[PDB]
>>> print(open('work.cif').read())   # mmCIF, C-alpha atoms and all ligand atoms
data_model
#
loop_
_atom_site.group_PDB
_atom_site.id
_atom_site.type_symbol
_atom_site.label_atom_id
_atom_site.label_comp_id
_atom_site.auth_asym_id
_atom_site.auth_seq_id
_atom_site.Cartn_x
_atom_site.Cartn_y
_atom_site.Cartn_z
ATOM 1 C CA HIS M 3 6.018 -0.109 -22.968
ATOM 2 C CA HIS M 4 5.084 -0.049 -19.302
ATOM 3 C CA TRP M 5 5.708 2.652 -16.816
ATOM 4 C CA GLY M 6 8.981 3.055 -14.958
ATOM 5 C CA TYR M 7 11.808 5.366 -13.973
ATOM 6 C CA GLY M 8 13.897 5.081 -17.236
ATOM 7 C CA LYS M 9 14.619 7.602 -19.966
ATOM 8 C CA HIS M 10 11.246 7.263 -21.775
ATOM 9 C CA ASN M 11 8.535 5.879 -19.425
ATOM 10 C CA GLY M 12 9.096 7.966 -16.281
ATOM 11 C CA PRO M 13 6.927 10.229 -14.167
ATOM 12 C CA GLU M 14 6.392 12.764 -16.909
ATOM 13 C CA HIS M 15 4.681 10.076 -19.073
ATOM 14 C CA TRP M 16 2.475 8.446 -16.482
ATOM 15 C CA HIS M 17 -0.490 10.645 -17.103
ATOM 16 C CA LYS M 18 -1.134 9.040 -20.518
ATOM 17 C CA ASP M 19 -2.035 5.684 -18.908
ATOM 18 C CA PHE M 20 -3.122 7.114 -15.553
ATOM 19 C CA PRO M 21 -4.790 10.500 -16.084
ATOM 20 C CA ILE M 22 -5.355 11.211 -12.272
ATOM 21 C CA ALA M 23 -1.526 11.842 -12.409
ATOM 22 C CA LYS M 24 -2.761 15.412 -13.013
ATOM 23 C CA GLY M 25 -5.409 15.202 -10.241
ATOM 24 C CA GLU M 26 -6.213 17.350 -7.282
ATOM 25 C CA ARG M 27 -4.454 15.404 -4.518
ATOM 26 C CA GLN M 28 -1.298 13.929 -6.019
ATOM 27 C CA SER M 29 1.846 12.990 -4.105
ATOM 28 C CA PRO M 30 4.587 13.643 -3.256
ATOM 29 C CA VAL M 31 4.696 17.355 -2.477
ATOM 30 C CA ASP M 32 7.227 19.860 -1.234
ATOM 31 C CA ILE M 33 6.652 20.503 2.511
ATOM 32 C CA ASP M 34 7.021 24.282 2.971
ATOM 33 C CA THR M 35 7.816 24.180 6.736
ATOM 34 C CA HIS M 36 7.005 27.823 7.288
ATOM 35 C CA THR M 37 3.557 27.485 5.711
ATOM 36 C CA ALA M 38 2.576 24.202 7.400
ATOM 37 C CA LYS M 39 0.149 24.961 10.170
ATOM 38 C CA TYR M 40 0.626 23.648 13.694
ATOM 39 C CA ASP M 41 -2.589 21.838 14.574
ATOM 40 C CA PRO M 42 -3.017 21.412 18.323
ATOM 41 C CA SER M 43 -5.959 19.014 17.578
ATOM 42 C CA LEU M 44 -3.492 16.438 16.003
ATOM 43 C CA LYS M 45 -2.711 13.485 18.257
ATOM 44 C CA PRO M 46 0.575 11.710 18.864
ATOM 45 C CA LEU M 47 1.101 9.064 16.304
ATOM 46 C CA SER M 48 0.594 5.526 17.710
ATOM 47 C CA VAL M 49 2.880 3.095 16.043
ATOM 48 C CA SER M 50 2.406 -0.436 17.450
ATOM 49 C CA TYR M 51 4.790 -2.729 15.723
ATOM 50 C CA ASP M 52 5.322 -5.021 18.717
ATOM 51 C CA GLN M 53 3.699 -8.008 16.943
ATOM 52 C CA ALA M 54 4.754 -7.367 13.357
ATOM 53 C CA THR M 55 5.330 -10.542 11.275
ATOM 54 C CA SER M 56 7.402 -10.045 8.290
ATOM 55 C CA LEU M 57 7.269 -12.747 5.784
ATOM 56 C CA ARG M 58 9.142 -12.051 2.554
ATOM 57 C CA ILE M 59 11.137 -9.495 0.616
ATOM 58 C CA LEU M 60 10.430 -8.933 -3.037
ATOM 59 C CA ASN M 61 12.128 -7.157 -5.995
ATOM 60 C CA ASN M 62 9.078 -5.938 -7.930
ATOM 61 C CA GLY M 63 11.074 -4.255 -10.687
ATOM 62 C CA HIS M 64 10.565 -0.644 -9.349
ATOM 63 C CA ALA M 65 11.759 -1.097 -5.700
ATOM 64 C CA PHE M 66 11.793 -3.887 -3.158
ATOM 65 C CA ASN M 67 8.887 -4.616 -0.811
ATOM 66 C CA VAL M 68 9.294 -6.087 2.710
ATOM 67 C CA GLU M 69 5.926 -7.836 3.224
ATOM 68 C CA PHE M 70 4.015 -8.463 6.395
ATOM 69 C CA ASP M 71 1.336 -11.017 7.112
ATOM 70 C CA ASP M 72 -1.661 -8.533 7.580
ATOM 71 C CA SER M 73 -4.270 -11.292 8.238
ATOM 72 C CA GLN M 74 -4.512 -10.388 11.998
ATOM 73 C CA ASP M 75 -4.638 -7.344 14.078
ATOM 74 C CA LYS M 76 -0.798 -7.041 14.633
ATOM 75 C CA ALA M 77 1.261 -4.103 13.314
ATOM 76 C CA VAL M 78 -0.957 -1.051 13.378
ATOM 77 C CA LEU M 79 -0.871 2.683 12.943
ATOM 78 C CA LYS M 80 -3.436 4.849 14.613
ATOM 79 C CA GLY M 81 -3.783 8.255 16.224
ATOM 80 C CA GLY M 82 -2.053 11.132 14.696
ATOM 81 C CA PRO M 83 -4.491 12.543 12.111
ATOM 82 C CA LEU M 84 -6.214 9.155 11.622
ATOM 83 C CA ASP M 85 -9.705 7.973 12.517
ATOM 84 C CA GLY M 86 -9.565 4.255 13.205
ATOM 85 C CA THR M 87 -6.917 1.562 12.769
ATOM 86 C CA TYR M 88 -4.560 0.971 9.813
ATOM 87 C CA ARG M 89 -2.675 -2.295 9.422
ATOM 88 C CA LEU M 90 0.865 -2.559 8.093
ATOM 89 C CA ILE M 91 1.056 -4.485 4.763
ATOM 90 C CA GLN M 92 4.558 -3.653 3.488
ATOM 91 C CA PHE M 93 7.367 -1.176 3.410
ATOM 92 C CA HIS M 94 9.671 -0.062 0.603
ATOM 93 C CA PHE M 95 12.069 2.762 -0.237
ATOM 94 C CA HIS M 96 12.740 5.278 -2.971
ATOM 95 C CA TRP M 97 16.340 6.383 -3.548
ATOM 96 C CA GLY M 98 18.713 8.163 -5.831
ATOM 97 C CA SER M 99 21.759 7.612 -7.975
ATOM 98 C CA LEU M 100 23.611 10.151 -5.758
ATOM 99 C CA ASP M 101 23.268 11.090 -2.124
ATOM 100 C CA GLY M 102 21.847 14.472 -3.095
ATOM 101 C CA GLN M 103 18.523 13.077 -4.420
ATOM 102 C CA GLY M 104 16.206 10.164 -3.897
ATOM 103 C CA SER M 105 13.365 11.319 -1.639
ATOM 104 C CA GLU M 106 9.875 11.856 -3.015
ATOM 105 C CA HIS M 107 8.755 14.441 -0.484
ATOM 106 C CA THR M 108 11.029 17.416 -0.087
ATOM 107 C CA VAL M 109 11.338 19.818 2.901
ATOM 108 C CA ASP M 110 11.737 23.487 1.842
ATOM 109 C CA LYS M 111 12.959 21.983 -1.476
ATOM 110 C CA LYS M 112 15.595 19.805 0.292
ATOM 111 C CA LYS M 113 15.952 16.347 -1.202
ATOM 112 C CA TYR M 114 17.032 13.508 1.047
ATOM 113 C CA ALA M 115 19.093 10.511 -0.148
ATOM 114 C CA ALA M 116 16.090 8.167 0.180
ATOM 115 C CA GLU M 117 12.633 7.840 1.677
ATOM 116 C CA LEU M 118 11.065 4.878 3.472
ATOM 117 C CA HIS M 119 7.310 4.288 3.032
ATOM 118 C CA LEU M 120 5.467 2.060 5.562
ATOM 119 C CA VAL M 121 2.143 1.309 3.945
ATOM 120 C CA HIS M 122 -0.981 0.637 6.032
ATOM 121 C CA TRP M 123 -4.611 0.008 5.075
ATOM 122 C CA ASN M 124 -7.735 1.024 6.913
ATOM 123 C CA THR M 125 -9.261 -1.991 8.580
ATOM 124 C CA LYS M 127 -12.770 -0.612 8.057
ATOM 125 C CA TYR M 128 -12.408 -1.700 4.384
ATOM 126 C CA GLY M 129 -11.439 -5.308 5.101
ATOM 127 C CA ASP M 130 -8.412 -5.618 2.874
ATOM 128 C CA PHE M 131 -5.902 -3.541 0.867
ATOM 129 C CA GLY M 132 -7.528 -3.924 -2.545
ATOM 130 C CA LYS M 133 -10.826 -2.420 -1.361
ATOM 131 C CA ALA M 134 -9.033 0.189 0.778
ATOM 132 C CA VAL M 135 -7.185 1.745 -2.210
ATOM 133 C CA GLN M 136 -10.596 2.548 -3.757
ATOM 134 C CA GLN M 137 -11.413 4.849 -0.834
ATOM 135 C CA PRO M 138 -10.242 8.417 -0.060
ATOM 136 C CA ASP M 139 -9.217 7.334 3.497
ATOM 137 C CA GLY M 140 -8.094 3.858 2.530
ATOM 138 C CA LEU M 141 -4.349 4.039 3.219
ATOM 139 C CA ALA M 142 -2.003 5.699 5.688
ATOM 140 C CA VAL M 143 1.610 5.907 4.563
ATOM 141 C CA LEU M 144 4.265 6.751 7.108
ATOM 142 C CA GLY M 145 7.176 8.406 5.313
ATOM 143 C CA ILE M 146 10.648 8.624 6.825
ATOM 144 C CA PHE M 147 13.582 10.422 5.256
ATOM 145 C CA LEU M 148 17.056 8.863 5.026
ATOM 146 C CA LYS M 149 20.243 10.883 5.127
ATOM 147 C CA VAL M 150 23.743 9.468 4.665
ATOM 148 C CA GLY M 151 25.928 9.438 7.796
ATOM 149 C CA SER M 152 26.090 6.845 10.568
ATOM 150 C CA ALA M 153 24.823 3.358 9.698
ATOM 151 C CA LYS M 154 21.305 2.353 10.763
ATOM 152 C CA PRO M 155 21.912 -1.083 12.487
ATOM 153 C CA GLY M 156 18.302 -2.098 12.162
ATOM 154 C CA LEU M 157 18.540 -1.675 8.410
ATOM 155 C CA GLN M 158 21.422 -4.070 7.852
ATOM 156 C CA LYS M 159 19.351 -7.269 7.685
ATOM 157 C CA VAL M 160 17.514 -5.694 4.712
ATOM 158 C CA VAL M 161 20.703 -4.615 3.030
ATOM 159 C CA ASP M 162 22.290 -8.031 3.435
ATOM 160 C CA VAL M 163 19.438 -9.906 1.721
ATOM 161 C CA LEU M 164 19.484 -7.669 -1.334
ATOM 162 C CA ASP M 165 22.089 -9.704 -3.161
ATOM 163 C CA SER M 166 19.500 -12.562 -3.177
ATOM 164 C CA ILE M 167 16.863 -10.443 -4.851
ATOM 165 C CA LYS M 168 19.017 -8.544 -7.292
ATOM 166 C CA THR M 169 16.700 -8.692 -10.250
ATOM 167 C CA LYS M 170 12.993 -8.135 -10.926
ATOM 168 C CA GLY M 171 10.706 -10.909 -9.785
ATOM 169 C CA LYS M 172 13.095 -12.358 -7.226
ATOM 170 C CA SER M 173 11.868 -12.950 -3.652
ATOM 171 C CA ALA M 174 13.348 -14.343 -0.464
ATOM 172 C CA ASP M 175 12.021 -15.457 2.921
ATOM 173 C CA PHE M 176 12.263 -12.602 5.314
ATOM 174 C CA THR M 177 10.893 -13.455 8.666
ATOM 175 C CA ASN M 178 11.381 -11.855 12.021
ATOM 176 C CA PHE M 179 12.346 -8.458 10.689
ATOM 177 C CA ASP M 180 11.408 -5.781 13.205
ATOM 178 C CA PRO M 181 10.428 -2.440 11.492
ATOM 179 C CA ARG M 182 10.827 -0.614 14.868
ATOM 180 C CA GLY M 183 14.526 -0.560 14.061
ATOM 181 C CA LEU M 184 13.836 1.866 11.190
ATOM 182 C CA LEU M 185 12.140 4.555 13.190
ATOM 183 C CA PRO M 186 13.847 7.824 14.255
ATOM 184 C CA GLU M 187 13.780 8.962 17.780
ATOM 185 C CA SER M 188 10.858 11.516 17.401
ATOM 186 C CA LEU M 189 7.383 10.906 15.973
ATOM 187 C CA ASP M 190 6.807 14.577 15.189
ATOM 188 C CA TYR M 191 5.173 14.764 11.746
ATOM 189 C CA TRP M 192 3.546 16.644 8.919
ATOM 190 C CA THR M 193 0.336 15.319 7.372
ATOM 191 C CA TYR M 194 -1.740 15.981 4.271
ATOM 192 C CA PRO M 195 -4.198 14.125 1.928
ATOM 193 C CA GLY M 196 -2.558 12.641 -1.186
ATOM 194 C CA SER M 197 -2.021 9.695 -3.397
ATOM 195 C CA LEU M 198 0.089 6.675 -4.228
ATOM 196 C CA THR M 199 3.323 7.944 -5.754
ATOM 197 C CA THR M 200 3.381 5.148 -8.329
ATOM 198 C CA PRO M 201 0.786 4.074 -10.874
ATOM 199 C CA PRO M 202 -2.104 3.684 -10.460
ATOM 200 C CA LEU M 203 -1.627 6.982 -8.495
ATOM 201 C CA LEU M 204 -4.889 6.466 -6.608
ATOM 202 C CA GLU M 205 -5.984 9.326 -4.340
ATOM 203 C CA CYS M 206 -6.403 7.138 -1.274
ATOM 204 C CA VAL M 207 -3.567 8.102 1.066
ATOM 205 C CA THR M 208 -3.297 10.074 4.307
ATOM 206 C CA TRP M 209 0.386 10.934 4.320
ATOM 207 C CA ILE M 210 2.234 11.162 7.615
ATOM 208 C CA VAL M 211 5.821 12.323 7.043
ATOM 209 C CA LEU M 212 8.179 12.328 10.007
ATOM 210 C CA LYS M 213 10.289 15.410 10.554
ATOM 211 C CA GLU M 214 13.345 13.559 11.883
ATOM 212 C CA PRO M 215 15.313 11.650 9.237
ATOM 213 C CA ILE M 216 17.125 8.413 10.025
ATOM 214 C CA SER M 217 20.778 8.114 9.138
ATOM 215 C CA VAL M 218 22.079 5.264 7.069
ATOM 216 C CA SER M 219 25.635 4.723 5.947
ATOM 217 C CA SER M 220 27.002 5.304 2.428
ATOM 218 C CA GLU M 221 27.685 1.632 2.315
ATOM 219 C CA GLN M 222 24.051 0.762 3.046
ATOM 220 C CA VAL M 223 22.671 3.050 0.339
ATOM 221 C CA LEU M 224 25.308 1.880 -2.086
ATOM 222 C CA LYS M 225 23.885 -1.598 -1.715
ATOM 223 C CA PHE M 226 20.375 -0.337 -2.620
ATOM 224 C CA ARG M 227 21.951 1.081 -5.788
ATOM 225 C CA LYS M 228 23.286 -2.406 -6.855
ATOM 226 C CA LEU M 229 19.786 -3.701 -7.267
ATOM 227 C CA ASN M 230 18.446 -4.011 -10.732
ATOM 228 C CA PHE M 231 15.206 -2.917 -12.453
ATOM 229 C CA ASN M 232 15.753 -5.624 -15.128
ATOM 230 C CA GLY M 233 15.063 -9.329 -14.768
ATOM 231 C CA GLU M 234 17.647 -12.065 -14.719
ATOM 232 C CA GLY M 235 19.242 -12.561 -18.125
ATOM 233 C CA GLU M 236 18.494 -9.035 -19.313
ATOM 234 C CA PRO M 237 21.013 -6.208 -19.616
ATOM 235 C CA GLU M 238 21.731 -4.395 -16.370
ATOM 236 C CA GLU M 239 19.604 -1.400 -15.427
ATOM 237 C CA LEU M 240 20.670 -0.191 -11.990
ATOM 238 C CA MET M 241 17.682 0.390 -9.667
ATOM 239 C CA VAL M 242 18.323 4.107 -8.931
ATOM 240 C CA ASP M 243 16.238 7.264 -9.091
ATOM 241 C CA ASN M 244 12.950 5.419 -8.463
ATOM 242 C CA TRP M 245 11.288 8.599 -7.109
ATOM 243 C CA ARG M 246 8.455 10.762 -8.395
ATOM 244 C CA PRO M 247 9.156 14.522 -8.198
ATOM 245 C CA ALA M 248 7.029 16.894 -6.121
ATOM 246 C CA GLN M 249 3.545 17.579 -7.518
ATOM 247 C CA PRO M 250 1.325 20.700 -7.264
ATOM 248 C CA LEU M 251 -0.137 21.211 -3.818
ATOM 249 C CA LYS M 252 -3.381 22.583 -5.300
ATOM 250 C CA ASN M 253 -6.078 23.056 -2.727
ATOM 251 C CA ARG M 254 -4.331 21.414 0.200
ATOM 252 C CA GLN M 255 -3.053 22.305 3.627
ATOM 253 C CA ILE M 256 -0.102 20.523 5.249
ATOM 254 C CA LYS M 257 -0.524 20.304 9.026
ATOM 255 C CA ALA M 258 2.239 19.943 11.595
ATOM 256 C CA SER M 259 1.956 17.971 14.833
ATOM 257 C CA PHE M 260 4.629 20.153 16.472
ATOM 258 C CA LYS M 261 5.785 23.583 17.550
HETATM 259 N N1 LIG M 301 5.804 4.255 -3.011
HETATM 260 S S1 LIG M 301 4.054 4.236 -2.767
HETATM 261 O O1 LIG M 301 3.867 5.000 -1.445
HETATM 262 O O2 LIG M 301 3.547 5.220 -3.830
HETATM 263 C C1 LIG M 301 3.271 2.594 -2.796
HETATM 264 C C2 LIG M 301 2.089 2.535 -2.047
HETATM 265 F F1 LIG M 301 1.450 3.540 -1.398
HETATM 266 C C3 LIG M 301 1.434 1.359 -1.951
HETATM 267 F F2 LIG M 301 0.293 1.208 -1.270
HETATM 268 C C4 LIG M 301 1.898 0.249 -2.573
HETATM 269 S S2 LIG M 301 1.096 -1.264 -2.637
HETATM 270 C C5 LIG M 301 1.561 -1.519 -1.072
HETATM 271 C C6 LIG M 301 0.966 -2.957 -0.999
HETATM 272 O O3 LIG M 301 1.606 -3.950 -1.796
HETATM 273 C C7 LIG M 301 3.121 0.324 -3.198
HETATM 274 F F3 LIG M 301 3.522 -0.838 -3.776
HETATM 275 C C8 LIG M 301 3.843 1.476 -3.386
HETATM 276 N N2 LIG M 301 5.032 1.605 -4.151
HETATM 277 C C9 LIG M 301 5.746 0.394 -4.660
HETATM 278 C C10 LIG M 301 5.056 -0.361 -5.831
HETATM 279 C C11 LIG M 301 5.561 0.274 -7.143
HETATM 280 C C12 LIG M 301 6.787 1.012 -6.667
HETATM 281 C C13 LIG M 301 7.753 1.663 -7.475
HETATM 282 C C14 LIG M 301 8.830 2.381 -6.864
HETATM 283 C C15 LIG M 301 8.941 2.314 -5.470
HETATM 284 C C16 LIG M 301 7.904 1.660 -4.701
HETATM 285 C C17 LIG M 301 6.906 1.012 -5.309
#
>>> encode(input="work.cif", output="structure tokens")
Amino acid sequence: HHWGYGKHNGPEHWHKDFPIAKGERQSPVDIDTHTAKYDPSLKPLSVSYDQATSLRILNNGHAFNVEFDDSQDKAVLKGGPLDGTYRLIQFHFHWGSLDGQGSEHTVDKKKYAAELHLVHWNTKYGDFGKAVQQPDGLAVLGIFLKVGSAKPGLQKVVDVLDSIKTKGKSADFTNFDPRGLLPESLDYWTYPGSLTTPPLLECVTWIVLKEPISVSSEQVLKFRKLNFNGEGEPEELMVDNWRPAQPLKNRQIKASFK
């Protein structure tokens, strides 16, 4: 009886195994755009994905992860609200059963069809496992997806999904360039939070871009053919793998713009 996104193990239950689910800096949150404070001290985000080395794509039973070899100084996030360098380890998405839901963060209560999370760990802690034990261990760049025009740089992901339909499946996934998933603008909101999945550790500086990318209905439809079950088990479509917005508590969301 492990955690998930089904009818009886979802976000509302997670606190029983992971009591920080009710903690002081949980994610996601609703971004009240009127209340977010412009901070002229925030720096442009520096996203340096020029040397990124993807390796593999994995169906982990909750989402799929596109993995990067993070053993060298290659794909890094810095600037913005960050002190120091954070190295890209993987990206994944959260999405809905319908175009009208799927994002984890919301913007003035608006839900997007999906949300991309590029996960980075602070190199001052040496590797990801030690970083997640620290309050400044991770930086997650969140990007909203809306349904409209196709995102060409997404299609190589979408096309491999048939090979990783079910939980535990992986496939080689080299030479994938995450720059093709970025929107035009790097304007962002930022706040201190957590992983949005168990173990819900309070280790994340969130950086959520204001500009959503567009993907086509056909692309998101392919995400929704994935399965949460393993091979040889009854089909459980991988949809609605998002945690709802959590209490903001004693936090301020800062804006890099306007
Ligand atoms: N979505 S997240 O921002 O809270 C997250 C992280 F912040 C992470 F650091 C990690 S580990 C990244 C290194 O393998 C995640 F797996 C996930 N999430 C993955 C892992 C479990 C899960 C379930 C549903 C969608 C995605 C995922």
>>> closest_atom_pairs(input="work.cif", of="chain M", to="ligand LIG 301 (chain M)", cutoff="9 Å", atoms="only C-alpha atoms and all ligand atoms", output="Markdown table")
| residue | atom | partner | partner_atom | distance |
| --- | --- | --- | --- | --- |
| M:6 | CA | M:LIG301 | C13 | 7.7 |
| M:7 | CA | M:LIG301 | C14 | 8.3 |
| M:29 | CA | M:LIG301 | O2 | 8.0 |
| M:30 | CA | M:LIG301 | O2 | 8.5 |
| M:62 | CA | M:LIG301 | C11 | 7.2 |
| M:63 | CA | M:LIG301 | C13 | 7.5 |
| M:64 | CA | M:LIG301 | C13 | 4.1 |
| M:65 | CA | M:LIG301 | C15 | 4.4 |
| M:66 | CA | M:LIG301 | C16 | 6.9 |
| M:67 | CA | M:LIG301 | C9 | 7.1 |
| M:69 | CA | M:LIG301 | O3 | 7.7 |
| M:91 | CA | M:LIG301 | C6 | 6.0 |
| M:92 | CA | M:LIG301 | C6 | 5.8 |
| M:93 | CA | M:LIG301 | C5 | 7.3 |
| M:94 | CA | M:LIG301 | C16 | 5.8 |
| M:95 | CA | M:LIG301 | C15 | 6.1 |
| M:96 | CA | M:LIG301 | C15 | 5.4 |
| M:97 | CA | M:LIG301 | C15 | 8.7 |
| M:106 | CA | M:LIG301 | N1 | 8.6 |
| M:118 | CA | M:LIG301 | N1 | 8.4 |
| M:119 | CA | M:LIG301 | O1 | 5.7 |
| M:120 | CA | M:LIG301 | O1 | 7.8 |
| M:121 | CA | M:LIG301 | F2 | 5.5 |
| M:122 | CA | M:LIG301 | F2 | 7.4 |
| M:123 | CA | M:LIG301 | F2 | 8.1 |
| M:131 | CA | M:LIG301 | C6 | 7.1 |
| M:132 | CA | M:LIG301 | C6 | 8.7 |
| M:135 | CA | M:LIG301 | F2 | 7.6 |
| M:141 | CA | M:LIG301 | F2 | 7.1 |
| M:142 | CA | M:LIG301 | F1 | 8.2 |
| M:143 | CA | M:LIG301 | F1 | 6.4 |
| M:144 | CA | M:LIG301 | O1 | 8.7 |
| M:145 | CA | M:LIG301 | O1 | 8.3 |
| M:197 | CA | M:LIG301 | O2 | 7.2 |
| M:198 | CA | M:LIG301 | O2 | 3.8 |
| M:199 | CA | M:LIG301 | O2 | 3.3 |
| M:200 | CA | M:LIG301 | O2 | 4.5 |
| M:201 | CA | M:LIG301 | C11 | 7.2 |
| M:202 | CA | M:LIG301 | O2 | 8.8 |
| M:203 | CA | M:LIG301 | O2 | 7.2 |
| M:204 | CA | M:LIG301 | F1 | 8.7 |
| M:206 | CA | M:LIG301 | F1 | 8.6 |
| M:207 | CA | M:LIG301 | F1 | 7.2 |
| M:209 | CA | M:LIG301 | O1 | 9.0 |
| M:244 | CA | M:LIG301 | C14 | 5.4 |
| M:245 | CA | M:LIG301 | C14 | 6.7 |
| M:246 | CA | M:LIG301 | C14 | 8.5 |
>>> write_last_selection(input="work.cif", atoms="C-alpha atoms", output="short mmCIF file (atom, residue, chain, number, x, y, z; two decimals), keeping the file's coordinate frame")
data_model
loop_
_atom_site.label_atom_id
_atom_site.label_comp_id
_atom_site.auth_asym_id
_atom_site.auth_seq_id
_atom_site.Cartn_x
_atom_site.Cartn_y
_atom_site.Cartn_z
CA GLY M 6 8.98 3.06 -14.96
CA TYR M 7 11.81 5.37 -13.97
CA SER M 29 1.85 12.99 -4.11
CA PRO M 30 4.59 13.64 -3.26
CA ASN M 62 9.08 -5.94 -7.93
CA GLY M 63 11.07 -4.26 -10.69
CA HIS M 64 10.56 -0.64 -9.35
CA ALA M 65 11.76 -1.10 -5.70
CA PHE M 66 11.79 -3.89 -3.16
CA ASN M 67 8.89 -4.62 -0.81
CA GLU M 69 5.93 -7.84 3.22
CA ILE M 91 1.06 -4.49 4.76
CA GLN M 92 4.56 -3.65 3.49
CA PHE M 93 7.37 -1.18 3.41
CA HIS M 94 9.67 -0.06 0.60
CA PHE M 95 12.07 2.76 -0.24
CA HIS M 96 12.74 5.28 -2.97
CA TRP M 97 16.34 6.38 -3.55
CA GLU M 106 9.88 11.86 -3.02
CA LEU M 118 11.06 4.88 3.47
CA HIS M 119 7.31 4.29 3.03
CA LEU M 120 5.47 2.06 5.56
CA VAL M 121 2.14 1.31 3.94
CA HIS M 122 -0.98 0.64 6.03
CA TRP M 123 -4.61 0.01 5.08
CA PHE M 131 -5.90 -3.54 0.87
CA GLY M 132 -7.53 -3.92 -2.54
CA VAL M 135 -7.18 1.74 -2.21
CA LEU M 141 -4.35 4.04 3.22
CA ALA M 142 -2.00 5.70 5.69
CA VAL M 143 1.61 5.91 4.56
CA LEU M 144 4.26 6.75 7.11
CA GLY M 145 7.18 8.41 5.31
CA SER M 197 -2.02 9.70 -3.40
CA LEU M 198 0.09 6.68 -4.23
CA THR M 199 3.32 7.94 -5.75
CA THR M 200 3.38 5.15 -8.33
CA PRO M 201 0.79 4.07 -10.87
CA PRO M 202 -2.10 3.68 -10.46
CA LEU M 203 -1.63 6.98 -8.49
CA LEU M 204 -4.89 6.47 -6.61
CA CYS M 206 -6.40 7.14 -1.27
CA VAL M 207 -3.57 8.10 1.07
CA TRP M 209 0.39 10.93 4.32
CA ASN M 244 12.95 5.42 -8.46
CA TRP M 245 11.29 8.60 -7.11
CA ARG M 246 8.46 10.76 -8.40
#
>>> atom_distance(input="work.cif", atom1="CA of residue 256 (chain M)", atom2="CA of residue 86 (chain M)")
20.4 Å
>>> resolve_selection(input="work.cif", expression="the PyMOL selection byres (((chain M and resi 162-178) around 7) and not hetatm)", output="VMD selection string")
chain M and resid 55 to 63 158 to 161 179 to 180 229 to 234
>>> residues_around(input="work.cif", residues="residue 48 (chain M)", least_positions_apart="3", cutoff="8 Å", atoms="all atoms listed in the file", output="CSV table (one decimal) with C-alpha atoms, keeping the file's coordinate frame")
chain,number,residue,atom,x,y,z
M,79,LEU,CA,-0.9,2.7,12.9
M,80,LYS,CA,-3.4,4.8,14.6
M,81,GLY,CA,-3.8,8.3,16.2
M,82,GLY,CA,-2.1,11.1,14.7
>>> atom_distance(input="work.cif", atom1="CA of residue 104 (chain M)", atom2="CA of residue 242 (chain M)")
8.2 Å
>>> atom_distance(input="work.cif", atom1="CA of residue 77 (chain M)", atom2="CA of residue 189 (chain M)")
16.4 Å
>>> resolve_selection(input="work.cif", expression="the PyMOL selection byres (((chain M and resi 14) around 12) and not hetatm)", output="compact mmCIF listing (two decimals) with C-alpha atoms, in the frame of the given file")
# COMPACT_ATOMS: atom_id res chain seq x y z
CA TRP M 5 5.71 2.65 -16.82
CA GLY M 6 8.98 3.06 -14.96
CA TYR M 7 11.81 5.37 -13.97
CA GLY M 8 13.90 5.08 -17.24
CA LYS M 9 14.62 7.60 -19.97
CA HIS M 10 11.25 7.26 -21.78
CA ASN M 11 8.54 5.88 -19.42
CA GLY M 12 9.10 7.97 -16.28
CA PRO M 13 6.93 10.23 -14.17
CA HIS M 15 4.68 10.08 -19.07
CA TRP M 16 2.48 8.45 -16.48
CA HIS M 17 -0.49 10.64 -17.10
CA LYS M 18 -1.13 9.04 -20.52
CA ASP M 19 -2.04 5.68 -18.91
CA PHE M 20 -3.12 7.11 -15.55
CA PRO M 21 -4.79 10.50 -16.08
CA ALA M 23 -1.53 11.84 -12.41
CA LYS M 24 -2.76 15.41 -13.01
CA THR M 200 3.38 5.15 -8.33
CA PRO M 201 0.79 4.07 -10.87
CA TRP M 245 11.29 8.60 -7.11
CA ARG M 246 8.46 10.76 -8.40
CA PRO M 247 9.16 14.52 -8.20
CA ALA M 248 7.03 16.89 -6.12
CA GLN M 249 3.54 17.58 -7.52
>>> closest_residue(input="work.cif", among="M:99, M:28, M:108, M:50", to="residue 240 (chain M)", atoms="all atoms listed in the file")
M:99
>>> axis_aligned_box(input="work.cif", around="region 231-240 of chain M", padding_each_side="6 Å", output="AutoDock Vina command-line options")
--center_x 18.4 --center_y -6.4 --center_z -15.8 --size_x 18.7 --size_y 24.4 --size_z 19.6
>>> closest_residue(input="work.cif", among="M:32, M:237, M:253, M:191", to="residue 110 (chain M)", atoms="all atoms listed in the file")
M:32
>>> closest_residue(input="work.cif", among="M:53, M:103, M:259, M:73", to="residue 213 (chain M)", atoms="all atoms listed in the file")
M:259
>>> residues_around(input="work.cif", residues="residue 182 (chain M)", least_positions_apart="5", cutoff="9 Å", atoms="only C-alpha atoms", output="list in words")
residues 49, 50, 51, 52 and 156 of chain M
>>> closest_residue(input="work.cif", among="M:146, M:90, M:22, M:223", to="residue 186 (chain M)", atoms="all atoms listed in the file")
M:146
>>> resolve_selection(input="work.cif", expression="the PyMOL selection byres (((chain M and resi 221) around 10) and not hetatm)", output="JSON, numbers by chain")
{"M": [150, 151, 152, 153, 161, 218, 219, 220, 222, 223, 224, 225, 226, 227]}
